[PDB]
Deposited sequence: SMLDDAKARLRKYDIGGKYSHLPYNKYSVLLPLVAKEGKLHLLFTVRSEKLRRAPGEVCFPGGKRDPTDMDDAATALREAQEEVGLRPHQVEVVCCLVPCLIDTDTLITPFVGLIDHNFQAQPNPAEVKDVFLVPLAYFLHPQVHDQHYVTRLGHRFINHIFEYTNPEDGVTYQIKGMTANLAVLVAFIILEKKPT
């Protein structure tokens, strides 16, 4: 099926816990896959304007590891729960993709999670100003603006709202799209 096929593809790129004991400042992000209307979508947040890091920016759910987290995946789930109400039984963590090195002292580990069809985002306004889906296929033929560096613009056809997606977030979205959608029959 569509979902089993996605998980089978994602597993081939799983690095596991290989880079997890390294002594960095550690953050995790969840790349949440949602199936609507026969297609895969990614769930994104727009960070609250109030926040320390990256106010107002499109990001995946995630944040800093803390001492309660059993591992790096748990960081991602905890933070996703706090930001959009995603509960443990509503997500299956399928793999750990390549970490992202930032600022010489920081490692951000991304996990891809399959999201239950009955989950409905409950944006927490202290963390998140908005939550939106983008079809995964969009990342194969994005609308690119050069700001010099590359920015994606996605317009939700439901309401005409335009979102700007950039940096690590845009990079990880392209990666997931390539992994799951490359070389597929129609």
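S.K.: May I ask you to mark the stretches of the deposited sequence that the structure leaves without C-alpha coordinates?
M.R.: Missing CA coords only at 148-157.
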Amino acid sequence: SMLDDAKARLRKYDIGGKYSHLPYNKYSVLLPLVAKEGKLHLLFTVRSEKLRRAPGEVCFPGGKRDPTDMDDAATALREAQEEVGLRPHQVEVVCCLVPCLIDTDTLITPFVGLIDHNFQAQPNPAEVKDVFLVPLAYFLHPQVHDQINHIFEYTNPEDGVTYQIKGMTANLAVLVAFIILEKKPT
From here on, numbers count along this sequence of modelled residues.
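S.K.: Which of the two stretches, 8-16 or 171-179, shows the higher mean Cα temperature factor in the record?
M.R.: If you average the C-alpha B-factors of 8-16 and of 171-179, the larger mean comes out for 8-16.
S.K.: Tell me which of 155-163 and 24-32 has the higher mean C-alpha B-factor in the deposited entry.
M.R.: Comparing 155-163 with 24-32, the higher mean C-alpha B-factor belongs to 155-163.
S.K.: Between 145, 41, 65, 117, where does the Cα B-factor run highest in the record?
M.R.: Reading the PDB entry, the winner on C-alpha B-factor is 145.
S.K.: Hey, what third does residue 135 fall into on Cα B-factor, ranked over its chain?
M.R.: As the PDB entry reports it, the C-alpha B-factor of residue 135 lands in the lowest third of its chain.
S.K.: If you rank the chain by CA B-factor, which third does residue 45 end up in: lowest, middle or highest?
M.R.: Tercile = lowest for this residue's CA B-factor.
S.K.: Splitting the chain's C-alpha B-factors into thirds, which one does residue 61 fall into?
M.R.: Ranked within chain, residue 61 CA B lands in the lowest tercile.
S.K.: Based on the deposited C-alpha B factors for this chain, I'd like to know if residue 96 is in the lowest, middle or highest third.
M.R.: Answer is middle: the recorded C-alpha B-factor places it there.
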